[PDB]
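Asks: Let me give you the complex in parts, starting here:
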Amino acid sequence: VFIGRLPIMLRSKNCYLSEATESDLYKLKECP
Amino acid sequence: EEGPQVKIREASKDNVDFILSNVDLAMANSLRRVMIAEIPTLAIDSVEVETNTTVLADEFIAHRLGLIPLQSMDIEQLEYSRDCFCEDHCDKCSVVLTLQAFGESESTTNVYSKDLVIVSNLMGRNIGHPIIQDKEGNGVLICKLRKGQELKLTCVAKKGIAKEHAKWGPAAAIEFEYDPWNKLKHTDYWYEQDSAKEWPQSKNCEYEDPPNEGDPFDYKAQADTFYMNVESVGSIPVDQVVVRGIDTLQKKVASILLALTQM
């Protein structure tokens, strides 16, 4: 059952950016 | 022979070397000085842009083009856009240029000075060419494009003197020295224990001589003989950048007389 949602910090656990490499981060338009 | 006599030291593609014997410092300076910024040359001035997907801004690249050296050999045959008669510019006052580049290469793809192209009437005068000193001959790296970046801009190239902007800088660095053994005492030194063995003899002290310490100072010691070395990017050859140094000066003094005898 539902509650709400939680601001997440980047490069953390439950963020995609944790998952990326130089190549990936780029097409994610995110900074290496 | 004449007056201010001279003797080359070396000569080359980009540099020239000479002692101006029997020349007045106020002259060799004022000459030096006009050589820097007061000799005319050409260089891109306006630039309109149709398509620029590059990473560098429009006016980013803008500023970059203005600094590309242009051929200027015969240049007095072009007359200052501002002082000519055509609603803005023409072929009498300006060379026009254009640059198409598209990122077809799947690698990383370069645009150069070579890649420029002239799309106006030359009227048979050596103008507007972007010098290449390059070994590879490939010019000057202006920009970089990933397979799909485009660049369409065109460049109106007018005549300017560095006094207005560096780009119309015919010159570069200008070497200047005189009186190597400070025989005229024109500069108090700076030493901890010995002045001498700490300030190194410049690479010119061998064309003048040591001073025979025992002897005194001569108070009639005057400034004469100057060690100079001039260098041009190439927009103009190096003989013309020294001689149209002299030339410009004459014209400068000249128009004194000219407006002298008007009043």
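Replies: In hand now; what should we look at? Numbers count the residues shown, from 1 in each chain, chains lettered A, B, ... in the order given.
Asks: For the rest of this, base every contact and every neighbour count on C-alpha atoms.
Replies: Noted.
Asks: Look at residue B:200 and say how many residues are nearby.
Replies: 8 (other C-alpha atoms under 10 Å in any protein chain shown).
Asks: Residue B:13 too?
Replies: Residue B:13, neighbours per other C-alpha under 10 Å, totals 13.
Asks: cool, and residue B:158?
Replies: 23.
Asks: thought residue B:176 was touching residue B:229?
Replies: Yes: contact status for residue B:176 versus residue B:229: in contact at 6.8 Å, counting by C-alpha atoms under 8 Å.
Asks: out of these two, which sits in the busier spot?
Replies: residue B:229 (21 against 13).
Asks: you'd agree that one is in a helix?
Replies: No: counting by DSSP: H, G, I helix; E, B strand; the rest coil, residue B:229 is not found in a helix; it is strand.
Asks: Tell me the bridge partners for it.
Replies: residue B:17, residue B:175 (DSSP bridges).
Asks: That one contacts residue B:178, doesn't it?
Replies: No: at 11.9 Å, residue B:229 does not count as touching residue B:178 under the criterion of C-alpha under 8 Å.
Asks: Please enumerate the helices of chain A.
Replies: Ranges of helices in chain A, per DSSP state H, are A:22-27.
Asks: What are the neighbouring residues in contact with residue 8?
Replies: Went with chain A since none was named. Applying C-alpha atoms under 8 Å, 6 or more residues apart in numbering or on different chains, we find residue A:8 in contact with A:14-15.
Asks: think we crossed wires, I meant chain B
Replies: B:16-19.
Asks: which one among those residues gets closest to residue B:186?
Replies: residue B:19 (19.0 Å; C-alpha to C-alpha).
Asks: Could you pull up phi and psi at that closest one?
Replies: Main-chain torsions, residue B:19, degrees, to the nearest 10: phi -100, psi 120.
Asks: Kindly incorporate the sequence below as chain C:
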Amino acid sequence: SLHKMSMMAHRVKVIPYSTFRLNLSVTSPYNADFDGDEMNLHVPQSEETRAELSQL
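Replies: Same chains as before, plus chain C:
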């Protein structure tokens, strides 16, 4: 601004570039310098006040 010497009047001298420019030797009484310091400027809307600012 905690004293008279730091609110003196001047003659104008309209010039270029965006910066107020003042004589090196009136630094001190303002304790001002040339590394980031702004400065104020006013202008009397009359005559008597100008006199008040000129003769005082």
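Asks: Please re-evaluate the contacts of residue A:8 in the presence of chain C.
Replies: A:14-15.
Asks: now the helices for the stretch 151-263 of chain B?
Replies: Counting by DSSP state H, counting those that start in this stretch, the stretch 151-263 of chain B has helices at residues B:238-260.
Asks: What's the separation between the nearest residue to residue B:150 once chain neighbours are set aside and residue B:137?
Replies: Distances taken as C-alpha to C-alpha, 6 or more residues apart in numbering or on different chains put residue B:102 closest to residue B:150, at 4.3 Å, once the chain neighbours are dropped. Per C-alpha to C-alpha, to the nearest Å, residue B:102 is found 21 Å from residue B:137.
Asks: Can you tell me the SS state at residue C:50?
Replies: Once three-state DSSP is applied, residue C:50 turns out helix.
Asks: That one: neighbour count?
Replies: Count around residue C:50 with other C-alpha under 10 Å applied: 14.
Asks: try residue B:179
Replies: 20.
Asks: Can you pull the phi/psi pair for it?
Replies: phi 50, psi 70.
Asks: Quick one: residues contacting it.
Replies: Contacts of residue B:179 (C-alpha under 8 Å, 6+ apart): B:208, B:223, B:225-226.
Asks: Not counting sequence-adjacent ones, nearest residue to residue C:54?
Replies: The nearest residue in space to residue C:54 (C-alpha to C-alpha, 6+ apart) is residue C:9, at 6.9 Å.
Asks: gap between the one you found and residue B:3?
Replies: Residue C:9 is 58 Å from residue B:3, by C-alpha to C-alpha.
Asks: more neighbours, residue B:102 and residue B:137?
Replies: Shown here are residue B:102 and residue B:137; by other C-alpha under 10 Å, residue B:102 has more neighbours (20 against 12).
Asks: these two touch, right, that one and residue B:144?
Replies: No: using C-alpha under 8 Å, residue B:102 makes no contact with residue B:144, being 10.0 Å away.
Asks: then chain D, please:
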Amino acid sequence: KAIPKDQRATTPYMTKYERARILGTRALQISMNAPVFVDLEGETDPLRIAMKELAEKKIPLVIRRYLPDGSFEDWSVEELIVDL
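Replies: This next block brings in chain D, placed alongside the chains you saw above:
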């Protein structure tokens, strides 16, 4: 209710503040298109126009120095000194 000159006591010289209000005052008036008395030797400016007036004590003005108790000694610009 006033002082008579015969018994005046205050500074007989003119004060930085008297003057600079006086030069000021007339100068405002003059530039308000007022009758000037000294003869222009060619002065667009009214601070100077007044200042010449000042140096000919041709200024029809009385300072009215007030005292702490209330009463005032009048003093003609014709009669005040000017040194400073």
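Asks: again for the contacts of residue B:179, chain D present now?
Replies: B:208, B:223, B:225-226.
Asks: Show the buried residues in those.
Replies: B:223, B:225-226 (16 or more other C-alpha atoms under 10 Å in any protein chain shown).
Asks: in chain C, what residue sits furthest out from the centroid?
Replies: residue C:48 (18.8 Å; C-alpha atoms, centre = their mean).
Asks: ok, it touching residue D:28?
Replies: Yes: using C-alpha under 8 Å as the test, residue C:48 is close enough to residue D:28 to be in contact (5.6 Å).
Asks: Chain D: strands as residue ranges?
Replies: Assigned by DSSP state E, chain D shows strands spanning D:62-66, D:72-76.
Asks: Tell me which of these is the most buried.
Replies: Comparing the strands of chain D by mean neighbour count (mean count of other C-alpha atoms under 10 Å in any protein chain shown), strand D:72-76 ranks first with a mean of 18.
Asks: what does that strand rub up against?
Replies: So strand D:72-76 is contacted by D:2-5, D:8, D:10, D:60-66 (C-alpha under 8 Å, 6+ apart).
Asks: now swap in stretch B:193-205 and tell me
Replies: B:180-181, B:189, B:191, B:227.
Asks: CSV please, covering these and showing neighbour count and distance to chain C.
Replies: As requested, the contacts of stretch B:193-205 are exported to CSV (neighbours: other C-alpha atoms under 10 Å in any protein chain shown; distance: C-alpha to the nearest C-alpha, whole Å):
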residue, neighbour count, distance to chain C
B:180, 19, 37
B:181, 17, 38
B:189, 10, 30
B:191, 10, 32
B:227, 19, 39
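Asks: And those residues, which two are furthest apart?
Replies: B:191 and B:227 (25.1 Å).
Asks: Between the two ends of stretch B:191-206, how far is it?
Replies: Start-to-end, stretch B:191-206 (C-alpha to C-alpha) is 23 Å.
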